[PDB]
Amino acid sequence: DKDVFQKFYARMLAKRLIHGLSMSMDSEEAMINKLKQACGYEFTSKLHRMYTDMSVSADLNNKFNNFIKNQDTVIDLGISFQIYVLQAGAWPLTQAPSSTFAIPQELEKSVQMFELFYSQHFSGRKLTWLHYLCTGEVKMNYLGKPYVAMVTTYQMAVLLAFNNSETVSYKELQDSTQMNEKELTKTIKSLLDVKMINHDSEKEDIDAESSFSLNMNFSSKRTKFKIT
Amino acid sequence: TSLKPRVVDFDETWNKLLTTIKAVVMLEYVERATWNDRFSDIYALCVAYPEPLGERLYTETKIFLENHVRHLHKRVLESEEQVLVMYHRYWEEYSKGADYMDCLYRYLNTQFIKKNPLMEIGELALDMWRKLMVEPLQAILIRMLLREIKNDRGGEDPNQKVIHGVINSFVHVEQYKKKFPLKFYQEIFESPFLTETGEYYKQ
Amino acid sequence: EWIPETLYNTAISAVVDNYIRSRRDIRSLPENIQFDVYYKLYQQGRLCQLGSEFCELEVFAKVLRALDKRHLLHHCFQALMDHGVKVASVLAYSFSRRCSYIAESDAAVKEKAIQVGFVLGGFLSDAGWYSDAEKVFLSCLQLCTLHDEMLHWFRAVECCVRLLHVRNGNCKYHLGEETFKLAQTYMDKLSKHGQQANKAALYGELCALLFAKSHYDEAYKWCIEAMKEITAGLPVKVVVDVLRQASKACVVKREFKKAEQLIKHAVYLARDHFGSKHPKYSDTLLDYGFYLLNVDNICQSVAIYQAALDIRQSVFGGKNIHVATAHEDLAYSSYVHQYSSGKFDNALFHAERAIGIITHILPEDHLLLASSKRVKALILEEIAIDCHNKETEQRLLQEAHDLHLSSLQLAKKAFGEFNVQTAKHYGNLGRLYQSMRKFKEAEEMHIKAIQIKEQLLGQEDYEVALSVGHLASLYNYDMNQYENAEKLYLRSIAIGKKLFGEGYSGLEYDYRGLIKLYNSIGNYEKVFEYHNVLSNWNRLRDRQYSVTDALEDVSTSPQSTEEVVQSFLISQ
Amino acid sequence: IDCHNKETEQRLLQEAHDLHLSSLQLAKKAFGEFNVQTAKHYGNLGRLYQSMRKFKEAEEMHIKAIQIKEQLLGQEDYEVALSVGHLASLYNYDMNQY
Amino acid sequence: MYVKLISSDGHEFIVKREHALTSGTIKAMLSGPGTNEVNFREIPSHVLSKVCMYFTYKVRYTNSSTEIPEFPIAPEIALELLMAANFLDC
Amino acid sequence: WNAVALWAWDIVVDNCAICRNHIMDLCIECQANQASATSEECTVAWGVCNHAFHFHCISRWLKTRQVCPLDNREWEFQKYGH
Amino acid sequence: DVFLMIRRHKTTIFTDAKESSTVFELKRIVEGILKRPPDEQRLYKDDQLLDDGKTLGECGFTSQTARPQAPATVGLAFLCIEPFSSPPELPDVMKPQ
Amino acid sequence: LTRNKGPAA
Amino acid sequence: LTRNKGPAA
Ligand SMILES: [Zn+2]
Ligand SMILES: [Zn+2]
Ligand SMILES: [Zn+2]
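These protein sequence lines are chains U, E, A, B, D, V, C, S and F, in that order.
Count the first sequence with PDB author numbering and you get residues 427 to 654, in order.
Count the second sequence with PDB author numbering and you get residues 1 to 116, 135 to 221, in order.
Count the third sequence with PDB author numbering and you get residues 7 to 578, in order.
Count the fourth sequence with PDB author numbering and you get residues 391 to 488, in order.
Count the fifth sequence with PDB author numbering and you get residues 17 to 50, 57 to 112, in order.
Count the sixth sequence with PDB author numbering and you get residues 27 to 108, in order.
Count the seventh sequence with PDB author numbering and you get residues 2 to 79, 88 to 106, in order.
Count the eighth sequence with PDB author numbering and you get residues -5 to 3, in order.
Count the ninth sequence with PDB author numbering and you get residues -5 to 3, in order.
Right, dumping it as structure tokens:
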């Protein structure tokens, strides 16, 4: 049953390419081409579309950068905006978008600008953002030592509501992100694993009442680290 | 004994319905068993054979509503210098009675009214309250409020329930008009209000 | 994810499934449940058990009183008439039996037999079965005329105006004026006693009767008077019908300034009150598309027919005469729209479907075949001359010849030789002969076409413009009589720019003939001048296309009904 | 092919193309890429492309048909023989690969 | 929170309020005048029992993501229950 | 910010009615012969009726009938992908 | 899940009962609406007493026979269960009159 | 393409 | 007759 092997490969090739980790990009081309030799083109027609997008990724970021550089108005994104679009009918990222979410105003300027570029560079291609794979560097310098943390959009969204005020109640937290509640339970406790935010509430568990406060004495051996 | 359609005497059942509706429109004592009896009567009336007594029931219901509204209009007129304080409580009672009637006439509301022009029974009461006692008395009630609410900025505080029992009055009697949720209220209340507040805006 | 089925629907499915044991007990249900039971019979495919129940007038009187769920009923009723059960004829004959029985009974019972007659007749006239709605209305007329009384005479005049509509829809025009005379006597009898009835509907139906008879001047006078007879208390049905037919018969009088207001107000009223998926609004859109077809908005006049057919095809099923009229109108508006482009597979599809429907529900001799065989041949002619194969195009010309001969025979039997419809038939037949290479009688057919058109319509209508353009294209291209075609082209361009302005789309077919004529005579200055004028016309055509939608061009609350009638009465 | 009008020739060729493409899509969705029925669809498309004067991809269709037929039915089978016969008729008559 | 419905034959049917509020005119029973009594004289006991079973069926299976099964309305109690479904507007 | 967006065509039908394949994937003509030759030019073309088909599918369909396959209306292109 | 119909001389009780719930759980549920503390009243299944502490699984209320479409019927004693006054008999069609 | 669109009927 | 017959049905 080679059909189930592709499903377990596409579901995990997507994990390998989306996080920027790979032994060498030529080998990924070499590997996909060899599976095509084994089971024909149609076996790897989807997997060949996993590739030929990272190659276009650099060919699209510069065009978008050339677009914003050659703009009538002066627009600054304020962050290293790296973008690469993926064909919806190929990658196995069909996870339910039922959990609605809206990024705050700091990152809202950059996300809307690329849609304007995409709507005119390509015709009829709508953009459905997958916020659970977008990871970006955030200036973590509210404490004395400016540490660097690798967080996702969902992880940053809760953290972004705490940059303006060091103590924001969970009632405001659960409404500022307007996201799903059952997955919100594991959203913040992931930070507690790396002790980003102290459990201000006296309750052992985390609920709507569990108001939190930023950690003053956070220390890390490595300045740049991965949060799991 | 059965919910089969039957040749039912319309006038006798209408006389039975009349007392319960009189209790309903005036928020009198309502018997739960008699309330169930009147639901049974309304269903047996709406589906009788050889003809459904739906249009006769609707026209006699609107005759009752119009003569009751005329009687209440006379009750409003006979109380000089008192129309607002009685108006708030009487409109509250009539709106609760209209909700109670929409509760009462639901089968005729959802089988004879929406089939055919005609208006819903619960929304007939509010519309006829607007048409038969608000059109003759739209300026008497507003001027009493307007001369009383504009003294609040000057110091003379008005009565909270009297002034707030009318801010939602003309809003409530147009809720059936989904195309005009606040259209009628703005053009009859704000239109004199804006002229009054404009005078004290610069003075 | 999955939603539970309501207890009402589950019980409906249970009673239907337990149908044989409880066939009789369903008829004792309320009218709210009887229609739902019968609609569940239709949904399940049990068309036979449904047909055995809708053929009973006792049942069909109850199921007709579901006015909210009427758009479903037309889709059930029609589904029976396509299935084979002649429910219309059986209902009409059952009502004839019932009226013959009650004709000697009390007046109070006679009123009930008229109320049942009116609802059944209105349903059968709505569903398109005019012939089987004629017997019901005639029986109601007998019941109401057997006694002389004020309310009976009101019922008589209302039954006469309702009966005039079903006589027009079946193309029984020669009985139409007789029915109008009968209604005239009844309304004069009413006016003798003092009581008056509203004349709007009765006088309006003549505006369609004479329009179908192509008595355009008398139709316009009746339009003026009937529109004057519009009152504020009329139901929306009569107002929409009068506005619709007034716009129809004002289009043919080249009075497009007020006909536009009438037709757009009618479209607004029909959409606002009846709804966006109601057959009367479909009729209003069909006549709006006719108007837009006759004001050089053909690009706008196909999106209205397509919106006027998707309503009739979602309410009136597959084989109905109302769908047939929508097809035979869309097959012509798409024929005009695709005339320059030459893509005639959609226009033929809607023409062979109109024939395939009218030939199935109407007898062999009927006028509605004449206006359907004509259009099918018109598309069949353009496909042939654009076909490079010759053995196929000769067969297409032969088929179009047979269709035009049949249509001409029906038109001649109905109206006569001296009627505008037969003049258009002769124009089309000669236009066919021009590509059929039979000019020695094509010239005679065209000469007859222009003479009949110009002695009835006049000299300031676009019909004589089309006929003269056809004759002059016949002379210029193949008869080699270049001398006497120049004045015909000049007449055509003058009348076209007078009626439809300089942007008239029919001017290309005269420009490309007159330029060729001037190339064949030896003059080149006029060739250059008309090349310049043709380029100017082409850029004007390209600029003056907003490609908007007339459905959206007509607005919400443009004017109240008083404003439009006062404007129409003052303007004339 | 046995007709004489060129418009009729092209219209019937395109109709056969539409029918074969619909059948090929249905067979591919039902069974899969590697099956005898899909290979028969490929061979029909190849011979139709030979009939449609598009000989460049007709060879591709025929080789795709044979590499699926001979993989499942072996190097010696009736369907394989018919497909390679179609490919040979394509080569020797029109593509000049004698 | 529990409301009882008495039929024409005197049988009483308690049920949770949210279970009886999914009906049409049972909401009109509860609203208006103010454990609550609801009296019927045209509704026999078996059809009211089937209606209460339908209430339990609806509330339990509302928005269920599996293959919902049909409600077993027996052929003998079908016409009386159909009119009850209309009268109760359920 | 390293962001990822899943681009797709804004049709709501999600199925080309000519090839019966998913509209994001290749058309049946590109999936048969051009599968190993050249497959990057299989775009989607819209219409006035707001029905979008694979461009190879709709172009092949127009060589016989000039109507929209879903609803029998005259077919005029409204938007392409380039 | 388990749905059952608790009834008595007259009246019926519609309740939701879990698989792991005890008979005493149902006794308290009835007491919350009908009073009659559990020492006074005994829940009866088709002439069989139910123990106060036994799990509902052993009592025979499986989810197949206790679906909300056809909930299980149990008696209440303070039996005298009154029937539902069965609907009129329908003809068998093929019965020859 | 030689002739006009044809009469309305 | 350029070609052979069809594969199958
Ligand atoms: Zn496609
Ligand atoms: Zn393609
Ligand atoms: Zn379409």
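All C-beta atoms in this analysis are idealised placements derived from N, C-alpha and C, irrespective of residue type, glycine included.
Along chain V, which residues have their Cβ under 7 Å away from the Cβ of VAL511/U? The residue labelled residue 511/U in the question sits at position 85 within the first sequence. Residues of chain V passing the Cβ test: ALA31 and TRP33.
For ligand 2, is there a heavy atom less than 6 Å away from the beta-carbon of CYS42/V? For the purposes of this step, residue 42/V is identified with residue 16 of the sixth sequence, where counting begins at 1. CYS42/V Cβ: outside cutoff for every heavy atom of ligand 2.
In chain order, which alpha helix (DSSP H) runs of at least 4 residues are fully inside the segment 517 to 589 of chain U? 531 to 547 and 579 to 586
State the beta-bridge partners of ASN624/U as determined by DSSP. Reading the first sequence from its first residue, position 198 is the one you call residue 624/U. In the DSSP output, where bridge partners are listed per residue, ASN624/U has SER639/U.
Sub-7 Å separation of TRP228/A and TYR192/A beta-carbons: For this step, residue 228/A is matched to residue 222 along the third sequence. For this step, residue 192/A is matched to residue 186 along the third sequence. No, these two residues do not count as a Cβ contact at 7 Å.
Residues near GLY324/A by beta carbon distance below 7 Å, same chain, minus five either side: For this step, residue 324/A is matched to residue 318 along the third sequence. So the list reads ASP88, once near-sequence residues are dropped.
Cβ contact check for the segment 100 to 110 of chain D and the segment 55 to 70 of chain V: 3 or more pairs under 8 Å: no
Close beta carbons around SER34/A, own chain, < 6 Å, minus the five adjacent residues each side: As a first step, residue 34/A must be located in the third sequence, where it is residue number 28. Nothing meets the Cβ criterion.
Comparing the CB of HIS356/A with every heavy atom of ligand 3, is any distance shorter than 6 Å? As a working mapping, residue 356/A is identified with position 350 in the third sequence. No, the beta carbon of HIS356/A sits no closer than 6 Å to any heavy atom of ligand 3.
Buried or exposed (CB count within 10 angstroms, at least 16 for buried), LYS36/C: Taking the first residue of the seventh sequence as 1, we reach residue 36/C at position 35. Its Cβ having fewer than 16 others within 10 Å, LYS36/C is exposed.
Does the beta carbon of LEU88/V fall short of 6 Å from some heavy atom of ligand 3? On the sixth sequence, position 62 is the one that residue 88/V refers to. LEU88/V Cβ: outside cutoff for every heavy atom of ligand 3.
So is the beta-carbon of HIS80/V under 6 Å away from any non-hydrogen atom of ligand 1? One-based indexing of the sixth sequence puts residue 80/V at position 54. Under cutoff, so the answer is yes.
I'd like the span of the alpha helix (DSSP H) that includes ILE21/E, first residue to last. The count along the second sequence starts at 1 and reaches residue 21/E at position 21. Element bounds for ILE21/E: 10 to 25.
Drop a sphere of 10 angstroms on the beta-carbon of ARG161/E, count the other beta-carbons inside from all chains shown, and report buried for 16 or more, exposed for fewer. Here residue 161/E is taken as the residue at index 143 of the second sequence, counted from 1. Answer is exposed; the Cβ neighbour count stays below 16.
Which value, in whole angstroms, describes the spacing of the CA atoms of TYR468/B and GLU460/B? Here residue 468/B refers to the residue found at position 78 when the fourth sequence is read from its first residue. Here residue 460/B refers to the residue found at position 70 when the fourth sequence is read from its first residue. Going from the Cα of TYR468/B to the Cα of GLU460/B covers about 10 Å.
CB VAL570/A to CB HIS271/A, shorter than 7 Å? By one-based count along the third sequence, residue 570/A stands at place 564. By one-based count along the third sequence, residue 271/A stands at place 265. Contact: yes.
Quick one, what's near ligand 3 if you take every residue whose CB is closer than 7 Å to any heavy atom, in chain order? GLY73/V, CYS75/V, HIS77/V, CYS94/V, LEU96/V, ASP97/V and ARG99/V
Under the DSSP definition of a beta bridge, which residues are partnered with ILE30/D? Here residue 30/D refers to the residue found at position 14 when the fifth sequence is read from its first residue. The partner list for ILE30/D (beta bridge, DSSP) reads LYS20/D.
Nearest candidate by alpha-carbon position, reference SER566/A, set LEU152/A, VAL242/A and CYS54/A: One-based indexing of the third sequence puts residue 566/A at position 560. When only C-alpha atoms are compared, the closest one is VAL242/A.
Going by the beta-carbon positions, is the gap between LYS96/E and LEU18/E smaller than 7 Å? Here the question's residue 96/E lines up with position 96 in the second sequence. Here the question's residue 18/E lines up with position 18 in the second sequence. Contact flag unset, no.
Just the Cα atoms here: how many angstroms apart are residue 625/A and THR428/A? Outside the displayed span of chain A (7 to 578) sits residue 625/A, for which this structure offers no information.
Short Cβ contact (7 Å threshold) for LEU291/A with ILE310/A: The residue you call residue 291/A lines up with position 285 of the third sequence. The residue you call residue 310/A lines up with position 304 of the third sequence. Result yes, Cβ atoms of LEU291/A and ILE310/A sit closer than 7 Å.
Residue burial classification, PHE421/B (beta-carbon count within 10 angstroms, cutoff 16): Position 31 of the fourth sequence, counted from the first residue, corresponds to residue 421/B. That one is exposed.
What are the residues of the segment 27 to 42 of chain A that lie near chain E, defined by any Cβ-Cβ distance shorter than 8 Å? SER34, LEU35, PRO36, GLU37 and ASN38
Taking the C-alpha atoms as reference points, what is the distance between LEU463/A and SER253/A? As a working mapping, residue 463/A is identified with position 457 in the third sequence. As a working mapping, residue 253/A is identified with position 247 in the third sequence. Approximately 18 Å, taken between the alpha carbons.
Under 8 Å, with one C-beta from each stretch per pair, do the segment 395 to 408 of chain B and the segment 84 to 96 of chain V reach the 3-pair mark? yes
For the beta strand (DSSP E) that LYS650/U lies in, which residues bound it at each end? Counting from 1 along the first sequence, the entry for residue 650/U is found at position 224. 650 to 652 is the extent of the beta strand (DSSP E) around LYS650/U.
Quick check: the Cα distance between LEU438/B and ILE54/V, rounded to an integer number of angstroms? Walking along the fourth sequence from the start, residue 438/B turns up at place 48. Walking along the sixth sequence from the start, residue 54/V turns up at place 28. One C-alpha to the other measures close to 16 Å.
Excluding sequence positions up to five away, which residues of its chain have a Cβ less than 8 Å from the Cβ of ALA238/A? By 1-based counting over the third sequence, the position of residue 238/A is 232. The answer, listed in chain order, is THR567 and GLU568.
Looking at ligand 2, does it come within less than 6 Å of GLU397/A, judged from the CB to the closest heavy atom? Here residue 397/A is taken as the residue at index 391 of the third sequence, counted from 1. Flag unset: Cβ of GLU397/A not near ligand 2.
Got a sec: does ligand 1 put a non-hydrogen atom nearer than 6 Å to the Cβ of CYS83/V? Taking the sixth sequence and counting its residues from 1, one reaches residue 83/V at position 57. Correct: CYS83/V has its Cβ closer than 6 Å to ligand 1.
Counting only beta-carbon atoms, is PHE79/C nearer than 7 Å to chain D? Taking the first residue of the seventh sequence as 1, we reach residue 79/C at position 78. For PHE79/C, the answer is no, since every Cβ of chain D falls outside 7 Å of its Cβ.
Taking only beta-carbon atoms, is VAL47/E less than 7 Å away from chain A? By one-based count along the second sequence, residue 47/E stands at place 47. Judged by the 7 Å Cβ criterion, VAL47/E is in contact with chain A.
Can you tell me whether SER536/U is buried or exposed, with buried defined as 16 or more other CB within 10 angstroms of its CB? Position 110 of the first sequence, counting from 1, holds the residue named residue 536/U. Buried: at least 16 other Cβ atoms inside 10 Å.
Using CA coordinates, which residue listed in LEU152/A, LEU70/A, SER106/A and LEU435/A is at the minimum distance from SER412/A? As a working note, residue 412/A is residue 406 in the third sequence. Nearest option by C-alpha distance: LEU435/A.
Go through its chain and collect everything with a Cβ distance to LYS32/D's Cβ below 7 Å, but skip five positions before and after it. If you number the fifth sequence from 1, residue 32/D lands on position 16. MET17 and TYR18, listed in sequence order.
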